[PDB]
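Report on the following structure.
We did not get these values from a lab; they are worked out from the coordinates using the rules stated. Cβ: placed from backbone, ideal geometry, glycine included. Neighbour counts: every protein chain shown.
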Amino acid sequence: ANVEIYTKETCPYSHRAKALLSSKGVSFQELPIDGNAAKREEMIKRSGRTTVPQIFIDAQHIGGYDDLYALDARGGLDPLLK
Ligand SMILES: *SC[C@H](NC(=O)CC[C@H](N)C(=O)O)C(=O)NCC(=O)O
């Protein structure tokens with residue numbers, strides 16, 4: 001398992017996902033693209049999407065935060081933690 005999540009300090013949609021991921025006790029690896037544009041633009045190569053947040057789990061992309069919420073609550077996120 002390798003949960004990654006792109007975040008930005010000045011981005012509340014980013015921090016939204018952290019209330020979820022903390023509620024679910026998830027072992028994410030947070031990528032602040034506030035003080036960074038390198039790994040930011042590495043994200044843009046990972047998925048083609050420019051915006052944050054974006055979650056990746058074992059190099060498979062999710063989508064946005066609402067996408068993750070549904071992907072969690074449906075049980076797509078949860079069993080990949082194993
Ligand atoms: S909170 C920072 C910005 N987020 C969004 O705009 C999210 C948009 C959704 N993906 C959508 O539904 O379209 C952000 O990431 N801006 C990037 C930028 O171009 O500055």
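Spatial offset of region 11-27 relative to region 29-59 amounts to 15 Å, using the alpha carbon center of each. When +1 charges are put on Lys and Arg Cβ atoms and -1 charges on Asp and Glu Cβ atoms, the dipole computed for the chain relative to its Cα centre reaches about 40 debye. The mean of 1/r over all pairs of different alpha-carbon atoms in the chain, once inverted, gives a Kirkwood hydrodynamic radius of 12.5 Å.
In summary, the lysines within cross-link reach of residue 45, defined as a Cα separation below 24 angstrom excluding same-chain residues under 8 places away, comprise 8, 18. Among beta bridges identified by DSSP and lying wholly in the chain, the antiparallel ones come to about 65 percent. Taking a point 7 Å out from the Cα of residue 61 in the direction of its Cβ, the residues of region 5-27 whose backbone N falls within less than 16 Å of it are 5-7.
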